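Please read the structure below before turning to the comments.
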Amino acid sequence: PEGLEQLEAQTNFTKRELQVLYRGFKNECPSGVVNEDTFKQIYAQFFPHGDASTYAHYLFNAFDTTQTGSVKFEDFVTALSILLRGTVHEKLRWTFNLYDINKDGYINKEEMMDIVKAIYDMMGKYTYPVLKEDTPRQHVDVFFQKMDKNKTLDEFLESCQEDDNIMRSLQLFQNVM
Amino acid sequence: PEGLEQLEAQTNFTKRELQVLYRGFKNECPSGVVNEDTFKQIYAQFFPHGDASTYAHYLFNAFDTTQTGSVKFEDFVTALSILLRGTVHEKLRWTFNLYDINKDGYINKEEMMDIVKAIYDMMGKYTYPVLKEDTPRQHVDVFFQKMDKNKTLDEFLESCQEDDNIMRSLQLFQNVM
Amino acid sequence: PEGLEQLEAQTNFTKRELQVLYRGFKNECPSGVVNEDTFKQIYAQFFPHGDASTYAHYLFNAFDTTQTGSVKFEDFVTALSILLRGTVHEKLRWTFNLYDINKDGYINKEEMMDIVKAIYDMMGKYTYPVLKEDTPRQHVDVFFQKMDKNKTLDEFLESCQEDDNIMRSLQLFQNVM
Amino acid sequence: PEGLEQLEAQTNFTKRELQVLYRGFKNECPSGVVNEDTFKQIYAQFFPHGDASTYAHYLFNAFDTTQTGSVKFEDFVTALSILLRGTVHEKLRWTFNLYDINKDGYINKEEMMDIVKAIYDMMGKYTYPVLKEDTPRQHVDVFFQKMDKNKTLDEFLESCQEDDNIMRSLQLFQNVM
Amino acid sequence: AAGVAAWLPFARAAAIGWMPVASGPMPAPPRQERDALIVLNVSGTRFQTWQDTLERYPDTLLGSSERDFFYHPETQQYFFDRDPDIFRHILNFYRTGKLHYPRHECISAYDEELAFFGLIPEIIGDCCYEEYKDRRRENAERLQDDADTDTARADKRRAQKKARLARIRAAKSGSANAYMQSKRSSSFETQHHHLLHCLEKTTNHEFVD
Amino acid sequence: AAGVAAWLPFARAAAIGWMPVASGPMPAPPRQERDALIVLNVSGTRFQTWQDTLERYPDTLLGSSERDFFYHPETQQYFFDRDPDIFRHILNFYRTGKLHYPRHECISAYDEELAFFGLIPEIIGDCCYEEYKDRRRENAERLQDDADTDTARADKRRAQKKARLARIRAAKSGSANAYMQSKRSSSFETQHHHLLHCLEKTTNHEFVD
Amino acid sequence: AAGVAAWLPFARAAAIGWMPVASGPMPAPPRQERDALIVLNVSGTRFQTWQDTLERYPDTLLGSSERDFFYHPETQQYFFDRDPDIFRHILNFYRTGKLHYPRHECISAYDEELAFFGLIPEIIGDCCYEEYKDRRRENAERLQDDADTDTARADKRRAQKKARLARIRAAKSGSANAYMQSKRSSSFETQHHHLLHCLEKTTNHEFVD
Amino acid sequence: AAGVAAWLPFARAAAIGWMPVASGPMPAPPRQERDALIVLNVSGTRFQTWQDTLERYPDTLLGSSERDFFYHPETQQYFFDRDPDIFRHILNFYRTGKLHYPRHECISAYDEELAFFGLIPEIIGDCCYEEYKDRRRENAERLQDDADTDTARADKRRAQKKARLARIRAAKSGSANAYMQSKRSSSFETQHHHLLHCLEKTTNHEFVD
């Protein structure tokens, strides 16, 4: 919480970028810390078709390291840097921990049922295929068909690195902000 | 409605002139559109001897193309440019449409009875000849004596171009604003 | 009432001096004209020992040419210029008209009884000689002993010009403001 | 009370230092004079463990020359200059008069009983030795063991100048402000 | 929405979670261009705000191509000729999103600035909206009482309306008399009198006292 | 009128309709001369307005040759020594045409600025004119109670009037004592004492304690 | 404490009295480093204060390393995008130590600035604290009435809450329609629509009207 | 008096009337020295007034040699660290002679500026003096209720007084704990802790938790 401490010192933001981020952050939550409710209020504005509160809950849990209850500016900025301008390894670990709802690191097709369910539910009901009750399960099943060999973190890393398409989609936003 | 769109792009006003016109226009009607009532309020201030509301009604109808109900800034400015700094042909068509009250373009000595009546009525009753009930009819009759050959737009154009005095009076205000 | 009209154009004040005088004048009377009451309010502040209202009345009457009722800025400034930086002839005429209470120009030892009475009364009653009831009459008598030959304007002018002491006392304030 | 009068003219403060001191002084007491109560309010803030009001009373009495009742800025600044950047002789006389409660200059082990009592009492009761009821008396006794030969100002001066440790402790604060 | 626009890097970082469970289609990022604070000089008082702050509400005067009409180029600032102590609440709206109502400002002048700058009385915050509605109601009642059409507290209102009409008539008569005096023997007055002369001499009639 | 002066090109364009039905007499347009915004520094606070905005009401201080008295040349600005937060309403009048009354400003100071700048309490807008009249009535009642001539809530008013008279007498006595002290042994004080000396020694009398 | 910091030379001078009755231990003075006034530009209005004035309360935004986030370097000033007429009371707190409450300012905006700058409603002075509490109570009652959860003076509050919800729904529908129009054929709008496209095409689904 | 000082040429011109009826004694005019407006920067907001305007009341802070303490030389301006919206009334007093009371300003802060700048509550104009006295009475009643010495609307006043005392005690304990932490292991904090160390080690005693 200094401005120079979170400079290009394992944080991928410059001084001006840090200043802009702090101005925007304190504009919404002047207290310097943002909680789950306000997290959802900002997140739901970008996706007005449906409700993103279900996904914003898991997103906040991923952001809120150590389950403090409210996420401050320092860890918020380091999470943003890891996700946007971070390396492959950090991004993949962050996504794995986002999917990993419980404490220990495991994925069992029920922990991430809610993740895909929220990703589909944050679109409302206005899409062309009119969705379906079983389409998130189909998406999860086809997802497990490319990494789950027998029944982990190493598997997730190697599966992501094997296919170049997710590789080139992860780095979409590092060039522009 | 851009400022550069209505620049010297068939609009005879410069950037500074456009800025001054918009400042003055929005000073009176901040909404950016002016209606018939406000039209009359500004018009009647320049002629305090009588009431110019009768003439301001036809003037607004001429300004309000397509009979929308309220005239915005873009068509207001293009009408001002046509009248002040426009060419002969545009000015004559604008005046003809001002006299032409109905939809189709005709003049029958009854449509413009009201025009001359309003022009005379916007002086009040304080003139030296004390006016008369039949003097607008005499003015209309002497007007028809120079263009109405048998019983139109082409006739109006050719009559205006034949006499150089109306020609030199039309361009009175293009030199000064 | 222009600022350039009352410039060094028979008014002995410069542009900056006129600006300062107008600022000070409008500070007390914002209306631009000062009446007898306000005249007395400013005049009595300079002489707190007694009351200068009696003398301020005659002073205002001298300032208020044509007996309008309230003296404006233009004649106020020209009177100030005449008194302070004017010539001998103008100062002497102004003083003579100040003493000359009535319309026609005469001094009869009763018109200026009030002038000397007010000059003595604007000191209160705290002086060393404790004044006297008959001392203004003695002052007027000794004044008449040097100009009144037999029983006028020419006499006043010649008497003032004959004695150099009043001459050198009149121009006391032209050097400093 | 001029700013230049109390400049480096037997006052050891520069113009900027004087300006800073006056700003800080008038920030707390805008009237320009500070009394005993406000004196104690500022003094007790620096030592929150106990109460410094007892010592602040004697300090104010030392500051308040001639027992006026309230100490103004000029004598406040000269006292500060004497104490901080003054010479040895002035500092020692000021301290002697601070200890000398009564009018005549004497120290009798009862006048300065209160001084040491207040110095110990402005620490509260939280120290490691938990203090004692008789420790101020022991401090006074050991103090008198080095200057009181038989039973004064000359004795105080010579005792202070004989021991170099109090000498080097007196000028502690002249280097830094 | 555009109100939370400084959280766009936040939304982009959140979107990273979709990539593992996605099928990368090359979604073609827009590749934007790339922020100095701009000045809004509302009659002497300058108000400095970032352009991105104004652009987050692109349906009003300040966030639009409309403010290019009020750009004064050689000083490199936007000069508005409006109230300096009410444009403050316009900027406060642009910063947060909720308008505030000054309890000490006339509501007929507060509404004028809202109409000028494109804001509407529907977006004013709930914190101060009961009092805004109450004062608007009082103003509307004043207007209705003043416009009861009695031509043939309300009594003094009718009296002041008659006085205002008399003042308007006196101003019209004074303008006519000034034109008459000019014909017998300012800047805008000359052009107005030229217009009156044109009206006179297009109908071969002359104005007289 | 001169209030709607920015609509002069509008009126000139409207006048084109008369030309077809006219008999061109060569109405002789005035051929005017041809607009930078000017500064009005009312005691530190600068107010920038176009000169044409001020010139549209040429019967007050701001639109006149009178403001040439307050022009401070080397800074190229008009410096007034008036209230900075009340001249705002003067400019707001010059922009629209209706004065607004501050509910938070003393009416004895609001009237002072109106008297100074040439405006009148008759042109203040109807939106805030009942309260202006009410506060003027309260001020007038205060003045009348303070000037009831009781020489021989109103009781404390008489008490404060007596206290003010005592303070005025004390100030007069202090000025006399200061002059006495100067005779026994500031900038304006020296000239005032010179005037008192002149008054003393023109009547061969001396002031004593 | 740090509030009375300009009296540090006073305390050091007072400490001289301890030296005669002391046993000089060489207490090792810290030997500090050695004061130009700094500028705080709160949206156009600059506020000049000494840095030592701000540093005397090192637990808020202004006295901290936190204001280094708001330092705008090339102009050598701190630019805050906050209310210019409420930061005045922040500085007045930093000068004396007691906050003052504006009777004319909305309490939902006054609390916003206090939350932003780190101050708390517990340090506001006793002089104006009954009215601050009263207005906070009124605001809390308004919030409670607005949040009574009636889903199935308070009646109009429920009506305006329903109107606000309808406006929010209309804004959401308008944003969706704008995205649809963009797909069929601003600055932030392009990136927001890119995000929506990414959400669409990560689930091989398309938004339709 | 010195209040009407711009009318000194008026008084000198009036004195010319005495000369004809005088006996010229060579009254020895003082031959004075000979006026640029000066700046008073009250925390960011600059107030420009003529020096002669301030010098007309030479018994307060602004008209005195006292303001030489607040002169900041390299900027050639007087910098005061006071309230910017209350010094306006100080200047308004210096211009006319009567103080005005802001109905919207806390009276405990209005009196602070009057005490600072040398003015007194006895010179405030009669126009706004009943309300000033009323608000002063309310403040005095608040102080008296808060200082009723109940140690053993007034109930909540006693509650907030107890809360304030608890906060003061907590601040003292926090300062002591901070000093303890520093001893175990800011700018002014270092010097304050050095002073506490000097107090400790002049009595061979140590502070402990």
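So you can find residues: chains in the structure tokens are A, B, ... in the order shown, residues in each start at 1, and ligands are numbered from 1 in order.
For range 49-63 of chain C, the list of residues within 6 Å, based on only C-alpha atoms and with local chain neighbours fewer than 3 positions off taken out, reads residues 40, 44, 98, 118, 122, 123 and 124 of chain C.
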For the residues in the current selection, export N, CA, C and O atoms as a PDB file, in the first residue's frame.
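And here is the file that came out, out_31.pdb:
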```pdb
ATOM      1  N   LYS C  40     -23.204  65.241   4.834  1.00  0.00           N
ATOM      2  CA  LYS C  40     -22.916  65.522   6.236  1.00  0.00           C
ATOM      3  C   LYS C  40     -22.304  64.316   6.938  1.00  0.00           C
ATOM      4  O   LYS C  40     -21.435  64.476   7.802  1.00  0.00           O
ATOM      5  N   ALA C  44     -18.767  65.025   8.742  1.00  0.00           N
ATOM      6  CA  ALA C  44     -18.658  65.046  10.195  1.00  0.00           C
ATOM      7  C   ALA C  44     -17.639  64.054  10.737  1.00  0.00           C
ATOM      8  O   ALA C  44     -17.258  64.167  11.907  1.00  0.00           O
ATOM      9  N   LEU C  98     -19.776  80.335  -2.156  1.00  0.00           N
ATOM     10  CA  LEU C  98     -20.045  79.600  -0.925  1.00  0.00           C
ATOM     11  C   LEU C  98     -20.536  80.534   0.172  1.00  0.00           C
ATOM     12  O   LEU C  98     -21.497  80.218   0.884  1.00  0.00           O
ATOM     13  N   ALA C 118     -20.624  78.540  11.864  1.00  0.00           N
ATOM     14  CA  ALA C 118     -20.452  77.106  11.652  1.00  0.00           C
ATOM     15  C   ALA C 118     -18.987  76.701  11.753  1.00  0.00           C
ATOM     16  O   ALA C 118     -18.668  75.637  12.296  1.00  0.00           O
ATOM     17  N   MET C 122     -18.052  73.908  14.567  1.00  0.00           N
ATOM     18  CA  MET C 122     -17.550  72.584  14.219  1.00  0.00           C
ATOM     19  C   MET C 122     -16.316  72.191  15.026  1.00  0.00           C
ATOM     20  O   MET C 122     -15.650  71.211  14.678  1.00  0.00           O
ATOM     21  N   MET C 123     -16.003  72.933  16.090  1.00  0.00           N
ATOM     22  CA  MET C 123     -14.946  72.575  17.022  1.00  0.00           C
ATOM     23  C   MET C 123     -15.468  72.074  18.362  1.00  0.00           C
ATOM     24  O   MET C 123     -14.661  71.692  19.216  1.00  0.00           O
ATOM     25  N   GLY C 124     -16.783  72.067  18.570  1.00  0.00           N
ATOM     26  CA  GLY C 124     -17.312  71.708  19.870  1.00  0.00           C
ATOM     27  C   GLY C 124     -16.990  72.787  20.891  1.00  0.00           C
ATOM     28  O   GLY C 124     -16.692  73.938  20.558  1.00  0.00           O
TER      29      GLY C 124
END
```
Kindly provide the residues of chain D that approach chain H to within 8 Å, each paired with its closest atom pair and their distance in Å to one decimal, based on only C-alpha atoms, listed by chain and increasing number, as JSON lines.
```
{"residue": "D:1", "atom": "CA", "partner": "H:66", "partner_atom": "CA", "distance": 7.5}
{"residue": "D:2", "atom": "CA", "partner": "H:65", "partner_atom": "CA", "distance": 5.9}
{"residue": "D:3", "atom": "CA", "partner": "H:69", "partner_atom": "CA", "distance": 6.3}
{"residue": "D:18", "atom": "CA", "partner": "H:69", "partner_atom": "CA", "distance": 7.6}
{"residue": "D:19", "atom": "CA", "partner": "H:69", "partner_atom": "CA", "distance": 5.0}
{"residue": "D:22", "atom": "CA", "partner": "H:69", "partner_atom": "CA", "distance": 6.9}
{"residue": "D:23", "atom": "CA", "partner": "H:70", "partner_atom": "CA", "distance": 7.5}
{"residue": "D:26", "atom": "CA", "partner": "H:116", "partner_atom": "CA", "distance": 7.3}
{"residue": "D:30", "atom": "CA", "partner": "H:116", "partner_atom": "CA", "distance": 4.5}
{"residue": "D:31", "atom": "CA", "partner": "H:115", "partner_atom": "CA", "distance": 5.9}
{"residue": "D:46", "atom": "CA", "partner": "H:192", "partner_atom": "CA", "distance": 7.0}
{"residue": "D:47", "atom": "CA", "partner": "H:196", "partner_atom": "CA", "distance": 7.3}
{"residue": "D:48", "atom": "CA", "partner": "H:172", "partner_atom": "CA", "distance": 5.3}
{"residue": "D:49", "atom": "CA", "partner": "H:176", "partner_atom": "CA", "distance": 6.6}
{"residue": "D:120", "atom": "CA", "partner": "H:203", "partner_atom": "CA", "distance": 7.6}
{"residue": "D:126", "atom": "CA", "partner": "H:208", "partner_atom": "CA", "distance": 6.3}
{"residue": "D:127", "atom": "CA", "partner": "H:207", "partner_atom": "CA", "distance": 4.5}
{"residue": "D:128", "atom": "CA", "partner": "H:206", "partner_atom": "CA", "distance": 5.7}
{"residue": "D:129", "atom": "CA", "partner": "H:205", "partner_atom": "CA", "distance": 6.9}
```
* Structure fact -> Students should find that CA of residue 178 in chain F and CA of residue 24 in chain H are spaced 25.4 Å
* To do: Write out as a ChimeraX atom specification which residues come within 9 Å of residue 14 in chain H when counting only C-alpha atoms, dropping same-chain ones fewer than 4 positions away.
  => /C:56,59,80,83 /H:9-10,18
* Asked: Neighbours of residue 100 in chain B within 10 Å (only C-alpha atoms; same-chain residues fewer than 3 positions away dropped), as an NGL selection string?
  -> :B and (58 or 62 or 94-97 or 103-108 or 111-112 or 115)
Per residue of chain H within 9 Å of chain F, record the nearest atom pair and its distance in Å to one decimal, counting only C-alpha atoms, with rows in chain order and ascending residue number, as CSV.
```
residue,atom,partner,partner_atom,distance
H:1,CA,F:175,CA,7.3
H:2,CA,F:188,CA,6.9
H:5,CA,F:188,CA,7.0
H:8,CA,F:192,CA,8.0
H:11,CA,F:195,CA,8.1
H:12,CA,F:195,CA,7.4
H:15,CA,F:195,CA,7.8
H:18,CA,F:202,CA,7.0
H:19,CA,F:202,CA,7.5
H:21,CA,F:202,CA,7.9
H:22,CA,F:202,CA,4.9
H:23,CA,F:202,CA,6.1
H:24,CA,F:202,CA,7.2
H:25,CA,F:201,CA,7.2
H:27,CA,F:198,CA,6.0
H:28,CA,F:194,CA,8.0
H:29,CA,F:194,CA,6.6
H:30,CA,F:191,CA,6.8
H:32,CA,F:187,CA,8.3
H:39,CA,F:44,CA,7.7
H:40,CA,F:44,CA,8.6
H:45,CA,F:44,CA,7.9
H:46,CA,F:44,CA,5.4
H:47,CA,F:44,CA,4.0
H:48,CA,F:44,CA,4.4
H:49,CA,F:43,CA,5.9
H:50,CA,F:81,CA,8.5
H:55,CA,F:187,CA,8.5
H:56,CA,F:188,CA,8.0
H:58,CA,F:186,CA,8.3
H:88,CA,F:83,CA,7.5
H:89,CA,F:83,CA,8.5
H:91,CA,F:83,CA,8.6
H:92,CA,F:83,CA,6.8
H:95,CA,F:81,CA,7.7
H:100,CA,F:106,CA,7.2
H:101,CA,F:106,CA,7.6
H:102,CA,F:105,CA,6.9
H:103,CA,F:104,CA,5.9
H:104,CA,F:104,CA,6.5
H:122,CA,F:164,CA,8.7
H:123,CA,F:164,CA,8.8
H:126,CA,F:160,CA,8.7
H:127,CA,F:108,CA,6.3
H:128,CA,F:106,CA,6.9
H:130,CA,F:157,CA,8.7
```
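Picture a line from CA of residue 124 in chain E to CA of residue 96 in chain E; it runs 11.2 Å.
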* To do: Assign secondary structure with DSSP using the backbone only, and return the residues of range 15-109 of chain E in strand (DSSP E or B) as a list in words.
  =>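 So, restricting range 15-109 of chain E to strand (DSSP E or B), we get residues 38, 39, 40, 41, 42, 45, 46, 47, 48, 49, 71, 72, 77, 78, 79, 80 and 99 of chain E.
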* One-decimal distance in Å that lies between CA of residue 67 in chain A and CA of residue 34 in chain A -> 13.2 Å
